[PDB]
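Any value given below was found using the heavy atoms of this structure, including those in side chains, with hydrogens, waters and symmetry copies removed. So you know, we letter chains A, B, ... as the sequences are listed, proteins then strands, and number each from 1.
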Amino acid sequence: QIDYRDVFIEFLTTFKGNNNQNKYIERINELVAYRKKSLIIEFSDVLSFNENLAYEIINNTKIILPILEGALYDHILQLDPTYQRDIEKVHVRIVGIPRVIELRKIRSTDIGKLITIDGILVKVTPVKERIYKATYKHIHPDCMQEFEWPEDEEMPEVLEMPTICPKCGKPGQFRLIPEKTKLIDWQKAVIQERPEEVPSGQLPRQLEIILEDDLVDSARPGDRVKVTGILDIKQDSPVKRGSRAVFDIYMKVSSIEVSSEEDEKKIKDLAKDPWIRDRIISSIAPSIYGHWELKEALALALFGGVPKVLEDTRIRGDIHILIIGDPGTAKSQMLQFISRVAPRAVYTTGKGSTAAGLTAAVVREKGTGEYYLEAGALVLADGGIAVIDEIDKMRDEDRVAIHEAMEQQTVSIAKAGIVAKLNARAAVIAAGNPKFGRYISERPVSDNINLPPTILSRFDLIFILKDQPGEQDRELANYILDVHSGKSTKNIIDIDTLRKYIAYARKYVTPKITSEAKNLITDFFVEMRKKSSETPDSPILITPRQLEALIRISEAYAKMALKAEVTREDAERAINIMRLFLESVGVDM
Amino acid sequence: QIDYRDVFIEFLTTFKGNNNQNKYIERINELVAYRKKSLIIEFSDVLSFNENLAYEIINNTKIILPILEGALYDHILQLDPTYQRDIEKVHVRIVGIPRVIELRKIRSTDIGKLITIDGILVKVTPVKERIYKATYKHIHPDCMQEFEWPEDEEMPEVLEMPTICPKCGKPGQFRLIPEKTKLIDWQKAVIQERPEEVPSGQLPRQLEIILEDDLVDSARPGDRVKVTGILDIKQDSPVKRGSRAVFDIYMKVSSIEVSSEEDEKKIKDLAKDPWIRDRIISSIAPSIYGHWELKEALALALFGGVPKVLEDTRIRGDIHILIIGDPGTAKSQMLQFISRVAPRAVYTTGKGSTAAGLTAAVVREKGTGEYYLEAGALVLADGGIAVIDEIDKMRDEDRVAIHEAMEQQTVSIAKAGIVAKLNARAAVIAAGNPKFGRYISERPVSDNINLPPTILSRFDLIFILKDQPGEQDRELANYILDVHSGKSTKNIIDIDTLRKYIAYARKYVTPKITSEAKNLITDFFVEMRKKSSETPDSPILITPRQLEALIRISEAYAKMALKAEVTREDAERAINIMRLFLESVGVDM
Amino acid sequence: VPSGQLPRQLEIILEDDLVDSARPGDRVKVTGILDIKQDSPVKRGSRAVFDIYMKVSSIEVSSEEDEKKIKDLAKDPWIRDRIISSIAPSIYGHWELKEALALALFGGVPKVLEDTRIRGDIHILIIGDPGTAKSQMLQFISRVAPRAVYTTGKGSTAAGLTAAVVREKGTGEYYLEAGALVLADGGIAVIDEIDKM
DNA sequence: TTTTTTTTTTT
Ligand SMILES: [Mg+2]
Ligand SMILES: [Mg+2]
Ligand SMILES: [Zn+2]
Ligand SMILES: [Zn+2]
């Protein structure tokens with residue numbers, strides 16, 4: 001009843017933020033600057049400013065939402081006249097609706113109301129076009145008339161053509177005119193409930209959501225999102241007789257949330273401590289005590305090196321880590337920790353999940369038989385980390401293709417008339433059990449993990465975990481039971497703060513090699529080759545790949561402290577960690 | 001509104017090229033001389049001549065293209081009256097449009113405007129025919145009348161039949177008359193975005209394009225192309241009731257660019273250098289240190305020999321290279337460089353390495369349940385270079401399947417009621433590791449390679465790469481670190497001009513053997529046979545295939561310098577590189 | 001099921017608040033009205049034959065005196081010995097095996113830690129000579145457990161154990177069907193002749 | 001995709 005348009009306008013311009021800065025005006029100006037056409041607002045702010053306005057939004061969103069958008073559009077064009085002729089319709093979206101419904105609990109009483117759903121995206125269709133105002137021509141030798149059939153109404157989701165020509169009042173044949181037809185971007189996605197909320201002995205439920213206008217391509221598949229909108233009954237084919245008076249339901253998305261400058265200031269401040277490197281090492285897997293060398297390697301892997309892209313060649317910048325632990329050594333604890341702390345990670349096994357084990361595969365279409373490509377674990381992890389538990393029982397097909405993916409970081413297909421090349425620039429962290437149950441120290445590494453020696457040369461660092469029944473058993477037994485009761489350490493960095501720290505470093509730090517670091521690395525590599533040459537039965541191969549590992553590892557240390565250059569200290573740490581790796585495999589360095 | 005066909009005609013004649021030669025006048029002459037029926041206009045020459053003409057072409061493309069084409073047709077008619085009743089309608093093509101949009105960024109606002117898209121062609125359908133003006137006959141005993149159904153309007157993409165006979169104003173049934181129906185050539189192709197612009201973790205997207213009239217068969221799958229035209233919605237099955245007002249997007253191609261006299265001048269200037277051969281060799285994989293003899297061999301395989309086609313036989317002209325080396329010897333890095341510089345190359349490491357994936361596969365056509373052949377790696381590489389990696393890891397039964405393709409350059413299949421032959425004229429470059437992962441000096445050459453002599457005789461050159469630590473490690477380490485520091489070698493022919501040089505040489509230079517070269521080659525072959533007979537323990541058979549390898553190599557050296565005949569120096573170079581290959585396998589001379 | 005015959009099936013319809021009142025594999029008692037099923041009325045041409053379906057009005061799955069009886073049993077100091085003696089009374093000996101089988105029926109307490117999860121279920125493997133009554137006890141366990149699934153190594157497949165994809169031919173749609181392991185969630189899965197799988 | 005029996009190519 002009461003015109004909230006004035007109330008809405010003053011609320012946007014007079015919203016007391018964290019410091020009465022009127023942040024809504026700031027984002028409105030930002031919207032005009034880049035022509036974003038979409039303004040999001042928080043339900044809490046509306047309720048605090050005027051609870052009566054908030055109730056109207058959450059109860060009569062069908063009626064008052066277009067009214068509010070018109071008021072906002074008038075304000076924007078009044079503020080800036082150049083916004084016209086570019087955007088004819090602005091969008092206002094609400095977030096933080098208190099009406100949260102579990103996906104399995106949806107019933108008929110929730111149809112037509114504004115609700116929010118939390119779940120996981122599984123499928124996303126390519127962007128398409130939907131008609132909301134069509135133009136038709138009456139093909140009747142006396143008419144030759146054009147009109148817009150859905151008069152004074154948006155074209156419904158069911159494509160219907162006129163039966164009587166409105167201009168001539170006659171039936172006949174009508175032809176669509178694409179050139180005078182209004183279109184809107186249209187995308188379809190599927191949301192699946194999280195496994196935590198699935199009841200015992202039941203399969204997870206699914207829901208179809210529709211993304212339109214700027215909401216298209218707002219979330220990659222496999223992301224946890226929060227979706228707000230209206231539910232409605234799907235009509236796949238209304239002309240299909242055969243009873244079936246039952247229908248599915250779908251969601252018209254109005255706002256989607258996935259999963260700051262202040263963070264950057266605190267991240268740079270956190271890097272001011274000269275002992276930041278050791279603090280990061282301590283913060284890695286705080287649950288597990290000891291294993292400092294293994295912890296140090298994992299920190300370097302997350303940061304990684306700087307890849308080099310040249311005119312004729314590309315040089316890998318990722319770091320690969322192999323762990324061979326005895327059963328019961330709890331090798332899966334920090335692996336789960338790595339997945340959580342990594343900004344982007346993929347968890348899988350040796351056999352993979354789909355037909356494409358790790359690299360890729362070519363699959364005939366089920367309906368038409370056409371050949372297409374399915375991405376493997378390595379491809380899906382591009383730009384991030386690929387954690388592969390149980391590396392020793394990969395598919396036989398992948399045992400050869402993994403050579404190229406782990407070194408050239410590409411997957412090449414020349415099968416069934418399809419030629420393609422897929423990027424696989426992903427750091428690989430893998431764990432495998434010894435082939436003889438328990439690791440044997442005297443035996444080499446190749447005959448202990450059941451992998452070709454060529455693969456071993458592709459791993460920057462290899463570590464062996466042995467369940468030694470020493471004095472630590474009592475402490476380990478106490479430690480295991482303490483984890484059962486619950487305990488934590490002190491003076492660490494939480495995963496949430498650490499995750500953004502790693503992400504910031506990987507996006508803005510590209511260390512460069514200095515002359516002093518260059519000389520130190522050169523001498524060690526020459527020393528490395530001499531030692532391996534003397535022993536005619538070296539358990540490991542010392543190839544030029546090892547020299548690349550020294551460069552990559554040293555860069556990660558500089559990146560760990562957000563250093564612009566690589567100095568002697570970074571190089572010295574890189575040499576020392578490689579020295580321990582050679583001792584672990586049994587090489588007298 | 002003012003007209004511009006006078007300006008358009010004026011521009012065609014009054015435009016001045018780089019040397020004021022009026023190329024468009026010359027281009028018109030070529031169009032008349034060869035009855036080309038299509039003209040190409042560079043956009044950079046339109047706004048320079050008249051900026052006003054540029055925008056109206058871009059904006060009002062639909063209502064200005066027929067006007068300009070009609071004016072040009074009259075200009076051709078006066079230039080050559082006989083052009084009439086040979087080509088009734090002419091087309092003009094505009095290239096270099098400033099509006100370039102990434103495939104993933106196409107939205108609703110882009111429909112109906114002239115845009116440009118860069119991508120990769122993946123598949124092309126066979127040429128078909130489309131009706132744009134139909135003729136019908138009213139089957140009603142009174143009528144017996146014939147007419148063209150779509151009056152003063154081109155036939156729409158949806159085939160629509162009249163409901164009322166225009167000649168008699170009555171309903172009934174109508175019969176199409178194919179003899180009086182006007183047709184236009186029609187072809188459908190699919191374009192794919194380049195891997196560079198694909199976001200990480202996502203599969204590349206595709207778009208459907210339509211080529212009509214002379215644009216058909218202007219490109220082949222696997223080509224980097226730049227396409228220009230207008231987008232539209234796809235009404236594939238409008239008769240399919242059941243709602244679904246959602247439509248796809250396809251592209252109406254107006255002009256296409258694949259992949260210049262100035263290039264010819266640059267190429268000819270390079271050939272004038274007496275040491276052009278050395279420069280080309282030095283330009284092969286500059287980032288790799290050493291391996292000069294291997295770099296020389298790779299250059300020869302890029303150019304190849306001269307195939308001989310006779311009335312009774314065919315002789316292979318391609319050169320095959322085999323590389324065996326220890327892990328981490330830059331085998332894969334050098335092979336990846338070949339695919340960048342080769343005009344056409346195919347890569348296959350581990351997937352598709354079976355017999356079916358390498359030559360051809362018999363797959364059941366699920367559309368009709370029958371069988372048909374699918375091209376393999378070698379067939380897809382016909383006319384180019386096939387690169388095979390990790391050949392030693394292939395199964396022996398799978399490896400023998402390429403014996404026919406490597407020599408007879410054909411693939412023959414007799415399986416499941418299918419008997420067919422396919423052309424596989426491609427050069428094969430293969431890399432692999434020794435039998436025991438690393439080369440062992442104690443064992444002989446035969447068991448180190450671990451390949452049957454039947455396949456070894458088909459390789460023109462074989463090289464063994466040994467990673468022996470010594471005093472060269474310091475030089476190698478310095479070179480690698482210099483590469484990582486951004487330092488690059490100078491006086492190197494870059495990539496794209498090297499690719500143009502190879503493409504020009506292959507299709508324009510055909511060296512011939514002289515009497516001087518005949519005597520040198522004959523003498524060496526006799527000497528080679530005698531030496532092989534001396535030692536029966538050699539792992540390499542000296543067959544007549546080795547004699548033809550000398551001829552092929554000598555021709556490639558002449559082709560490398562754009563020479564029309566093989567002289568004494570080219571034969572000496574061919575003999576010298578043969579000596580190194582023989583020494584590399586323990587066969588002294 | 002009579003001798004030499006296959007089990008029959010009936011279709012039931014749950015509406016309003018009766019939805020999601022049971023899970024697959026449960027033994028239920030259902031009350032309602034029977035009616036003939038019409039699905040394709042437009043499909044003219046013969047077939048005046050219809051199937052019957054049940055319109056559910058109330059459903060029961062599988063209480064005070066029983067709780068009292070249970071408490072009285074637990075009061076005996078030797079309740080543990082009585083329970084073990086009640087496992088497969090027709091089998092002689094095998095006291096140690098019977099004791100372990102009793103533990104698996106009850107199980108432990110699952111624990112959720114900061115990062116990992118500790119299962120409360122107990123896994124038992126039995127290796128014995130032929131004729132050692134191995135299959136007899138497993139049949140008893142599958143019958144006495146409140147929720148159990150009995151499978152055989154030869155009569156099971158990977159799809160049948162975890163989940164099977166069923167293509168809805170009516171609409172060309174894919175959906176999952178619960179396997180043996182999923183149906184046994186919260187219960188006991190019995191696998192006979194695991195070595196022959 | 002799925003279980004099944006069959007001939008077939010190819011995993
Ligand atoms: Mg390699
Ligand atoms: Mg038994
Ligand atoms: Zn009309
Ligand atoms: Zn008529």
Side-chain angles (χ1 to χ4, degrees), chain A residues 122-123 203 206 350-374 376 393-402 411 413-418, chain B residues 348-380 390 393-402 405 411-422, chain C residues 6 151-183 196-197:
Chain A
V122 284
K123 255 179 280 146
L203 300 161
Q206 274 176 342
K351 306 132 183 300
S353 64
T354 83
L358 291 178
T359 45
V362 198
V363 188
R364 273 200 102 203
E365 181 51 69
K366 314 183 108 64
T368 79
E370 191 174 0
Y371 276 104
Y372 68 96
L373 273 161
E374 294 275 22
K393 299 152 154 272
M394 69 182 22
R395 302 168 188 274
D396 289 345
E397 48 260 30
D398 276 315
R399 261 173 174 281
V400 186
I402 201 79
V411 185
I413 305 298
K415 175 131 183 55
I418 285 179
Chain B
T348 306
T349 63
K351 309 217 89 161
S353 280
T354 55
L358 278 167
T359 62
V362 190
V363 304
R364 178 135 72 261
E365 207 275 316
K366 258 285 169 199
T368 43
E370 60 170 302
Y371 282 99
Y372 74 111
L373 277 177
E374 213 74 66
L378 278 161
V379 174
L380 287 159
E390 310 288 355
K393 279 132 179 59
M394 222 181 336
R395 275 139 42 73
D396 210 327
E397 49 263 34
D398 271 307
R399 165 151 29 79
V400 60
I402 67 169
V411 167
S412 74
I413 304 297
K415 290 180 205 181
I418 294 187
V419 181
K421 192 180 286 190
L422 295 165
Chain C
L6 292 157
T151 64
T152 294
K154 266 298 305 189
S156 311
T157 57
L161 282 176
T162 54
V165 160
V166 173
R167 186 183 304 107
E168 211 286 306
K169 190 68 173 174
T171 68
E173 200 86 308
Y174 284 122
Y175 68 101
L176 282 183
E177 192 73 16
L181 284 167
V182 171
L183 291 163
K196 265 134 192 160
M197 214 174 35

- For every nucleotide of nucleotides 2-11 of chain D, 5' to 3': is a protein heavy atom under 4.0 Å from its base (B), only from its sugar-phosphate (S), or from neither (-)? SS----SSSS

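- Separating the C1' atom of D:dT8 from that of D:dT4 is a span of 16 Å, rounded to the nearest Å.
- For B:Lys415, the side chain to side chain contact (heavy atoms under 4.5 Å, CB included) partners are B:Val362, B:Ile413, not counting sequence neighbours.
- Evaluation of the side chain to side chain contact (heavy atoms under 4.5 Å, CB included) rule for B:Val400 yields B:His403 as partners, not counting sequence neighbours.
- Among residues two or more places apart in sequence or in another chain, the salt bridge (charged side-chain N to carboxylate O under 4.0 Å, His left out) test is passed with A:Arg395 by none.
- Among residues two or more places apart in sequence or in another chain, the side chain to side chain donor-acceptor pair (under 3.5 Å) test is passed with C:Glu177 by none.
- Here D:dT5 counts as south. Its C1'-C2'-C3'-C4' torsion is negative.
- Among residue pairs with one or both ends in residues 356-368 of chain A, those qualifying as side-chain hydrogen bond (donor to acceptor under 3.5 Å, both in side chains) are A:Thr359-A:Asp398; sequence neighbours excluded.
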